[PDB]
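Q: The structure follows.
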């Protein structure tokens, strides 16, 4: 029960980590250029 | 979408407009226009459209519905799950699963 | 203790 | 009525702010080094956004790090429920104080006082540590917190604390993103005193209006562009009040601060709060 909640929190952290890794491409500069 | 919205016969329709935008895989338009803000759709307004999205394999629309306020826990109900498993289950996949379980 | 104070205060 | 499944209470407008602060500090919790207060609309129509989710998670993290108090509507609707959920999530991973001020009159269930507990208009979120309900009467549920909350914030602002530098005072920042009208009134009253409100030019409509602004025609066109249906429903008389409040807010810019949409940094929230202070 509690362990499942902690698991969900860590899953959220891991998903955010994946999203940050994807965004680390730094391609937003050209979009801001446009 | 422009023709439907400007018709004025169904301009007030927030449900038919969403269904039409779901038929064609246009996620940005649905996010920006249909939901936007200052609309009291509530958690019960997305029931049928989200069911249709699940049927039609619209992952992005499913994610948008879930994150925009839909309560998945309340969504899943005994009748809904029975109707989902009874018929939409692919017959080929059903036979394959039966064979695998039996053998 | 505190609840008694709340009685009069509020 | 104190409920544990935290502390709850019923309040009267005539109650002195000093007595309430004395109760809070002496009885329950530690002194506050910061009073981040989030203002938004109480309507359940709160379209969750990705960047808004990230921003509010960062805000909660900062509040926990500095030990700040968080004052919210506490009605379990839209941004309220999520801002409480982030507090719960951080509490399961040294404590966050998330006082929530709501209206007794607008509350549906009545559980008079020992620790009466009920589970389930305007039900109140139980995910906030402390809840303060104020209604001297008027079961019609007109907003009453819009005065007590501001009085408490002002009094705590004057409260001198010899810590966290800031000239022996307390930061008392005012975060605002919701598109509600009562949010406009709250911002106006906050800026009436020297409270540095901060806005984000994101999904918020009344917030994007002020972000873009920083005349009568300008305000009218902005609020029509961002709130076409809302302004259409709004009467002509209320437009004068809206324009007056917008002019009052735009009068002072040293207190008001904005967050740009281009900035995608992880610490933009802390940067905004720090620059405002």
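Protein chains in written order, with PDB author numbering: chain A, 1050 to 1083; chain B, 413 to 515; chain C, 40 to 49; chain D, 104 to 108, 115 to 202, 207 to 226, 236 to 242, 250 to 343, 350 to 412.
We put the beta carbon where it would ideally sit given N, CA and C, even for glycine.
#1: Output the distance between the C-alpha atoms of residue 315/D and residue 455/B, rounded to the nearest integer angstrom.
#2: Let me make sure I understand the geometry here. Which of 108/D, 127/D, 123/D and 116/D has the alpha-carbon closest to that of residue 288/D?
#3: Going along chain D in order, which residues have a C-beta closer than 7 Å to the C-beta of residue 1054/A?
#4: Taking one C-beta from the region 255 to 267 of chain D and one from the region 210 to 223 of chain D each time, how about it: are there three or more such pairs within less than 8 Å?
#5: With distances taken Cα to Cα, identify the nearest neighbour of residue 487/B among 507/B, 461/B, 434/B and 435/B.
#6: So, does the CB of residue 288/D fall closer than 8 Å to a CB anywhere in chain B?
#7: Contact check, residue 146/D vs residue 282/D under 8 Å by CB: the rounded distance?
#8: If you measure beta-carbon to beta-carbon, which residues of the region 379 to 408 of chain D are closer than 9 Å to chain A?
#9: Flag residue 1076/A as yes if its beta-carbon sits less than 8 Å from any beta-carbon of chain D, otherwise no.
#10: With 16 other CB atoms within 10 Å as the buried threshold, where does residue 124/D fall?
#11: Could you tell me the boundaries of the alpha helix (DSSP H) in which residue 394/D lies?
#12: Can you list, in chain order, the residues of the region 434 to 454 of chain B whose Cβ is nearer than 9 Å to any Cβ on chain D?
#13: Between residue 256/D and chain B, is the shortest Cβ-Cβ distance under 8 Å, so that the two count as touching?
#14: In this structure, does DSSP put residue 178/D in helix, strand or coil?
#15: If you count every other CB in all the chains shown that lies within 10 Å of the CB of residue 300/D, and 16 or more means buried, which is it?
#16: Give, in chain order, every unbroken run of the alpha helix (DSSP H) that is at least 4 residues long and sits entirely within the region 444 to 482 of chain B.
#17: So who's on the other strand from residue 148/D, going by DSSP bridges?
#18: Give the DSSP-derived three-state secondary structure of residue 213/D in the structure shown.
#19: Could you tell me whether any Cβ in chain G is nearer than 8 Å to the Cβ of residue 480/B?
#20: For residue 273/D, name the three-state secondary structure that DSSP assigns.
#21: Using a Cβ-Cβ cut-off of less than 8 Å, list which residues of the region 357 to 379 of chain D approach chain B; keep chain order.
#22: So with CB distances below 7 Å, who are the chain D contacts of residue 1081/A?
#23: From residue 201/D to residue 108/D, what does the alpha carbon distance come to, in whole angstroms?
#24: How do the region 374 to 389 of chain D and the region 148 to 166 of chain D stand: do at least 3 beta-carbon pairs fall below 8 Å, yes or no?
A: For this structure:
#1: 28 Å
#2: 127/D
#3: 201
#4: yes
#5: 461/B
#6: Not one chain B Cβ lies under 8 Å of residue 288/D.
#7: Going by Cβ atoms, the distance from residue 146/D to residue 282/D rounds to 6 Å, so yes, they are a contact pair.
#8: 397, 399 and 401
#9: Answer no: the Cβ-Cβ gap between residue 1076/A and chain D never drops below 8 Å.
#10: buried
#11: Taken as a continuous stretch (DSSP letters only), residue 394/D belongs to no alpha helix (DSSP H), being part of the beta strand (DSSP E) at 392 to 394.
#12: 443, 447, 448, 449, 450, 451, 452, 453 and 454
#13: no
#14: Strand at residue 178/D.
#15: buried
#16: 459 to 468 and 471 to 479
#17: 305/D
#18: strand
#19: The chain labelled as chain G is not found among the protein chains of the depicted structure, namely A, B, C and D.
#20: coil
#21: Within the region 357 to 379 of chain D, the residues whose Cβ lies closer than 8 Å to any Cβ of chain B are, in chain order, 362, 364 and 365.
#22: 397
#23: Going from the Cα of residue 201/D to the Cα of residue 108/D covers about 16 Å.
#24: no
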